[PDB]
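Presented below is the structure to which this report refers.
Scope of the values below: all heavy atoms of this structure, side chains included, with no hydrogens, waters or symmetry mates. Chain A is the first sequence line, chain B the second, and so forth, proteins listed ahead of strands; every chain is numbered from 1.
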Amino acid sequence: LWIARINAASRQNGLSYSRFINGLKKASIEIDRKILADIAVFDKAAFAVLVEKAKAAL
Amino acid sequence: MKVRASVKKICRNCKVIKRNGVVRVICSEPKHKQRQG
Amino acid sequence: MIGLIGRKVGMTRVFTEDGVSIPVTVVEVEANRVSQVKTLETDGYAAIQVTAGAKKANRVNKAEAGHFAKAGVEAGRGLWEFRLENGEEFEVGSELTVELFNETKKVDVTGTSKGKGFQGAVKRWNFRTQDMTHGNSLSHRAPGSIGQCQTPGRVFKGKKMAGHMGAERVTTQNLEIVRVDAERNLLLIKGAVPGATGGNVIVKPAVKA
Amino acid sequence: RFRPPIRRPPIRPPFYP
Amino acid sequence: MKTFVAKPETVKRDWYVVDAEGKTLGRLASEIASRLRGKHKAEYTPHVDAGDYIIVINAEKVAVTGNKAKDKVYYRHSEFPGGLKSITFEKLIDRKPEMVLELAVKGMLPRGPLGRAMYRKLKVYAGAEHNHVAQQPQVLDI
Amino acid sequence: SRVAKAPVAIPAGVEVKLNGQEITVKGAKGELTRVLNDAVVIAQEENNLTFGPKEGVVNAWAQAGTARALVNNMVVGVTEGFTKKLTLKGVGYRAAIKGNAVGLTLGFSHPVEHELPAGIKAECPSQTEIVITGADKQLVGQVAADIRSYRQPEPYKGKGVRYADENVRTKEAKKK
RNA sequence: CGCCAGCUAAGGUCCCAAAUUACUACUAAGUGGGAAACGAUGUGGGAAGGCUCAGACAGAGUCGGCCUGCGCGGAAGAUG
RNA sequence: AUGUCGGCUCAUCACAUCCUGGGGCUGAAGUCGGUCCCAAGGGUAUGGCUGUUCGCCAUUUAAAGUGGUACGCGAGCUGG
RNA sequence: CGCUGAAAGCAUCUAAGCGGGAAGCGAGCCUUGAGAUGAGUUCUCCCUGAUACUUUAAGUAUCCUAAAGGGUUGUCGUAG
Ligand SMILES: [Zn+2]
């Protein structure tokens, strides 16, 4: 469920789930899918930040 | 018409043609006409 | 096609001068009056609705009575609709008479068949009876098998069985008109017409002509 | 080939004891 | 603590309008199907219809590759013996334009109560017009 | 290929109107129009039309070749036009032009009458000869085919509607 | 054994159904997603050969083998 | 404890088509045929003998198809 | 079975394009049919009162009203 939600949010911010997780890994961000998916719902801006960080790492 | 798995020139005036995905022999000799090559 | 709404009066014969008897059903077409014109703009199809006969005023609902009042026809025994295909123009109140079929050689008649109630497969579907003697046990008018073992393990839909017979819309086709009587508002139609005497019949020019 | 079987008892219901 | 759940009461469903003209049936349908579920939203909850109303116009102009126009067959069984009915894509586009896309989407949606509910939100139209001006649908390139 | 690489001259008194992929050739004998395949590139170099393949398209040369020959037939059509000549053989077989229709007696109990299409014009030099003429080589061919189809030449006495050219292989009937 | 944490295996990543994009080819047969002998100017690649501007093949190429990729026909069953 | 042959009743499907429809070839003049291709919409004997299915016979018919369905159908009949 | 037509200077029903063509296929005929929950359309008819109360609703309660029409009852039917 989380992965599906994160994928939705990432793609709204112009990155695939698969690329976003790689990005975060490369950025050394170790936020779990449970939290990410919580952020994607409750703090859309923060999700976008994380996405921008992820994009930079890729 | 001869419907056969093996179609092939029976004489020198026979000519093989593919027409709508079927191999066919067509010839001046009506007996030589074939399909289902 | 335009048609009339008759009442089946009964059968009779018409002796021709050449000594042929003609079995005729007599349909009485009391003047039909257009009660509503349906158009493509209002209703999405072209039809006339017609009434026929009279209904006791007391027997007419307010909803019914307003519909007739709008046409400025008197209430009739029911309402029947005829699709128009020819771009034919009718107005409300316009009468249709037996004289419609003055040129028509053959008509198609439609009524409700007489009701035979619950009938078995033998009468309903012309099932053969089984043996009346020679051992038959309680299974003389029985319908037989109704299927075919494990495959398919069920009775197929539309299997001919006992059930209600009759009391159904039926149309006979290509019934000749023997005589139009405009005075008495009669059509004499060769042969049989669905349903019992007194039943409503719709008469229409034959579609297969 | 079809070998004619003996599937049922020789005395048939309702008498089958 | 608990993962968020979309609430049938609260879920915001947006109207969109898609032009089918010149679009690969299947590729179009897969996108529409995901939007009807609401897979495109972070609030995507499997047990809730948080999807979006999709209007499709020019459904009769939906495209198909290969010889699929003449060879794609739609089957229906009446449940009467020998009650199988076939129609080809081309013939179904003539008879009932809209069915082609609707069938496509229907297959791609989940089976059961909710999936039937999702499909209800698809409003397919053969022409270029639709009766849902009041819903103010946004154009969507899908 | 070869056929494409050969350009089509535009004789003086032919008014070719290229509309991208469409080519309305016009001339004395009429106005023929045709949209070529997208795969075909057409160009008007001088008083010649030149045919060649679109870049990257499979069977573009083949498409280019047909388009050449199509246009060529258009040009011949509007200047000279095409004529096909049917010949009737068989006792009591006769044709006669009645209006815009070739009436044929072909030994059928019903009377046979074939309405010429728009742009086609049939004559009857004799009762036993017909001449279908027009600008569109395909229409002409179609019409002569249709008329021939009423009673195609039998193989025992040759009887029926044949092309004046057509050679009708004649078998004799099985001995006895 | 518990956990609304993370990584992977086989298998996967259009939608049902969690997850992919880019690029290079080939296939047009829904091949993929049943079936052989054999048949066939289907089409892609490779390495040679014969014949030809002293004119080939039917005024420039053309013919036939070989090694190979992918396709075609051959291909009829019973409730849907 | 899944009743087993044949009949009767009632069927339903396949198509490898018996008839009827459309075709090609014919050693197809015509009238008929043969053979192959398309086609499963509808139609597709009654009797004599035998428990028979079958078969033979008589006389029909446009034709008297070939199969699958617990060699369809005994909580539907029969029981030779 | 073609017409026109290249690939393949020819040829070629086919690759682009345009035809003919079956008792079969979709309509056409008859019947059912909006539980077609996607529950359609049209025509006509009927109901235009008070109050309090609350955690204010498509609220509750009381009073007054009881329409169009539907039923039950009755005489019956070629309907059962
Ligand atoms: Zn030959």
- Got a sec? Which of residues 73-89 of chain E come in under 4.0 Å of RNA chain H, heavy atoms? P81(E), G82(E)
- Query: Is the NZ or CZ atom of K38(C) both under 6.0 Å from the centre of the six-membered ring of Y45(C) and within 45° of that ring's axis?
  - Reply: no
What side-chain donor-acceptor pairs closer than 3.5 Å can you find for residues 148-156 of chain F, not counting sequence neighbours?
unit_1  : atom_1 : unit_2  : atom_2 : d
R148(F) : NE     : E166(F) : OE1    : 2.6
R148(F) : NH2    : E166(F) : OE1    : 3.0
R148(F) : NH2    : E166(F) : OE2    : 2.7
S149(F) : OG     : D146(F) : O      : 2.6
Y150(F) : OH     : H114(F) : ND1    : 3.2
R151(F) : NH1    : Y93(F)  : OH     : 3.4
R151(F) : NH1    : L106(F) : O      : 2.7
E154(F) : OE1    : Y156(F) : N      : 3.1
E154(F) : OE1    : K157(F) : N      : 2.5

- Under-3.5 Å donor-acceptor pair between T3(E) side chain and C4(G) base: yes
- Note on the structure: Residue set satisfying side chain to side chain donor-acceptor pair (under 3.5 Å) with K70(E), at least two apart, ordered chain then number -> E90(E)
- Query: Who passes side chain to side chain donor-acceptor pair (under 3.5 Å) against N200(C), sequence neighbours left out?
  - Reply: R77(C)
- Could you tell me whether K5(F) sits above the aromatic face of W61(F), with NZ or CZ closer than 6.0 angstrom to the six-membered ring centre and within 45 degrees of the axis? yes
- Starting at the 5' end of RNA chain G, which residue's closest nucleotide do you reach first, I21(A) or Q150(C)? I21(A)
- Message: Within the 3.5 Å criterion, strictly below it, is a donor on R11(A) or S16(A) matched to an acceptor on the partner's side chain?
- Response: yes
- Message: Please classify the nucleic acid contact of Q130(C) as base, sugar-phosphate, or nothing, using heavy-atom distances under 4.0 Å.
- Response: base
For nucleotides 23-25 of chain H, tabulate all protein N/O to nucleotide N/O atom pairs closer than 3.5 Å, reporting atom names and distance.
unit_1 : atom_1 : unit_2 : atom_2 : d
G24(H) : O3'    : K33(B) : NZ     : 3.1
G24(H) : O2'    : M1(B)  : N      : 2.5
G24(H) : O2'    : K33(B) : NZ     : 3.4
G24(H) : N2     : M1(B)  : O      : 3.2
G24(H) : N3     : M1(B)  : N      : 3.3
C25(H) : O4'    : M1(B)  : N      : 3.1

- Query: Judged by modelled atom types alone, do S113(C) and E168(C) share a side-chain donor-acceptor pair under 3.5 Å?
  - Reply: no
- nucleotides 14-20 of chain I: protein proximity per nucleotide (B base, S sugar-phosphate only, - neither; heavy atom, under 4.0 Å): SBBBBS-
- Task: Could you tell me whether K38(C) contacts a base, only the sugar-phosphate backbone, or nothing, with contacts defined as non-hydrogen atoms closer than 4.0 Å?
- Result: base
- Message: Test of understanding: with side chain to side chain donor-acceptor pair (under 3.5 Å), list the residues that count as partners of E29(B), not counting sequence neighbours.
- Response: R169(F)
- Message: Applying a 4.0 Å non-hydrogen cut-off, can you work out what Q173(C) is touching in the nucleic acid: base, sugar-phosphate, or nothing?
- Response: sugar-phosphate
- Task: Pick base, sugar-phosphate or nothing for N61(C), based on heavy-atom distances below 4.0 Å to the nucleic acid.
- Result: sugar-phosphate
- Message: Against the six-membered ring of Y125(E), is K123(E) placed for a cation-pi contact (under 6.0 Å from the centre, within 45° of the normal)?
- Response: no
- Message: Base contacts versus sugar-phosphate-only contacts with protein, heavy atoms under 4.0 Å: please encode nucleotides 74-80 of chain I as B, S and - from 5' to 3'.
- Response: ----BSS
- Any donor-acceptor N/O pair under 3.5 Å between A11(I) base and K15(B) side chain: yes
- Task: Counting heavy atoms from C-beta on, name the nucleotide in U2(H), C77(H), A40(G) closest to the side chain of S137(C).
- Result: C77(H)
- Take nucleotides 9-20 of chain G nucleotide by nucleotide from the 5' end and write B, S or -, depending on whether a protein heavy atom sits under 4.0 Å from the base, only from the sugar-phosphate, or from neither. -----BBSSSSB
Each nucleotide N or O in nucleotides 22-33 of chain G that has a protein N or O under 3.5 Å away: list the pair and distance.
unit_1 : atom_1 : unit_2 : atom_2 : d
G30(G) : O6     : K68(E) : NZ     : 2.7

- Describe the nucleic acid contact of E90(E) in one word from base, sugar-phosphate, nothing, applying a heavy-atom distance below 4.0 Å. nothing
- With both distances under 3.5 Å required, do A75(H) and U50(H) pair Watson-Crick or G-U wobble? no
- Query: By ring pair (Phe, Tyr, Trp, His ring centres under 6.0 Å), which residues pair with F51(F), not counting sequence neighbours?
  - Reply: none
- Residue pairs passing the side chain to side chain donor-acceptor pair (under 3.5 Å) test with at least one member in residues 129-138 of chain C, sequence neighbours excluded, are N136(C)-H140(C)
